[PDB]
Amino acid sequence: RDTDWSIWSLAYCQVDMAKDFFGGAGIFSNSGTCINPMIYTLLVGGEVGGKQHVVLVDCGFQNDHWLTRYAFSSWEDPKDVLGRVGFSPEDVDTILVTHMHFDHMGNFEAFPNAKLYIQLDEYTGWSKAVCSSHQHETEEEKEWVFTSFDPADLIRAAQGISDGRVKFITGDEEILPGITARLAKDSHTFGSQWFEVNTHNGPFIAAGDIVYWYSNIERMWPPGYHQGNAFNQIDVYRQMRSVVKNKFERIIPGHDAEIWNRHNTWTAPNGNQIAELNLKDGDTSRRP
């Protein structure tokens, strides 16, 4: 089947963060701070002459308590972030979840028509991890387990499973035409997955937090904060490099402001960026 997809990376928030957090405890230690985007990626396309899908890789978090747990700024609603590219949250039929951290699957219920795809190992891993954490007597002992995980997202996932809106992927699978989910077990998280997007202009990768920063995969240096196996990430980087033949601009990192320096980018009134990574044959640009 021939597939083609338009791809936009949309900032919906910003975080000021220690560099070693994203870039590595070695190379980026004691290197000050910087602003990094909170991003989700819109994909529109599919089989040519077939159903057109409106897909989000990840969907941001909500305007809730998480805004106080880190140095966030410039948060924007899905109505506004997607409106600037000519869509609405109602139009989104699928959310592909790289991992169940709060900033990639929180707020999925703002897309009432979307089905959620999660790796089974991600869901089961977090169920066990959350349950195990309650053997510690204080919350200080639980802090690391919950640094990026909202137990309420466990409840929402179960609610979606029973509702029929959450679907499990187990391993690798072409879930939409030209989008292949790749399980990276115990990489960034228990069941992090990345996505291979095949377009007429070649492959693109939505890496999730497996690749926080381009420097992670270019320097082969896993981040200072992650909740998996650093050597597994090494293995995944090599898989990703092979898919895109080291055309590093084709990989979408999770939280790297460097992405705006590498693609046709314009900014919204508040500053949040929009990137036009690719346009399928016959589509028009969204720059004002």
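Residue indices: 1-based, along the sequence shown.
A.B. asks: On average, which has the higher Cα B-factor in the deposited entry, 81-89 or 127-135?
C.D. replies: The recorded data point to 81-89.
A.B. asks: Comparing 222-230 with 22-30, which stretch shows the greater average C-alpha B-factor in the deposited entry?
C.D. replies: Looking at the recorded C-alpha B-factors, 22-30 comes out higher on average.
A.B. asks: Out of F195, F111, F168, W75, which shows the largest CA B-factor listed in the entry?
C.D. replies: It is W75.
A.B. asks: When the modelled residues of the chain are sorted by Cα temperature factor, does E174 land in the lowest, middle or highest third?
C.D. replies: It belongs to the middle third of the chain when residues are ordered by C-alpha B-factor.
A.B. asks: Taking the chain's C-alpha temperature factors as the reference, tell me which third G202 falls into: lowest, middle or highest.
C.D. replies: Its C-alpha B-factor, which the entry lists for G202, ranks in the highest third among residues of this chain.
A.B. asks: Going by the recorded CA B-factors, say which third of the chain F248 sits in, lowest, middle or highest.
C.D. replies: Its C-alpha B-factor belongs to the middle third of this chain's values.
A.B. asks: Taking the values exactly as deposited, rank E258 by C-alpha B-factor within its chain and report the matching third: lowest, middle or highest.
C.D. replies: Top third by C-alpha B-factor.
A.B. asks: Just say lowest, middle or highest third for the CA B-factor of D235 relative to the other modelled residues in its chain.
C.D. replies: It falls in the bottom third of the chain.
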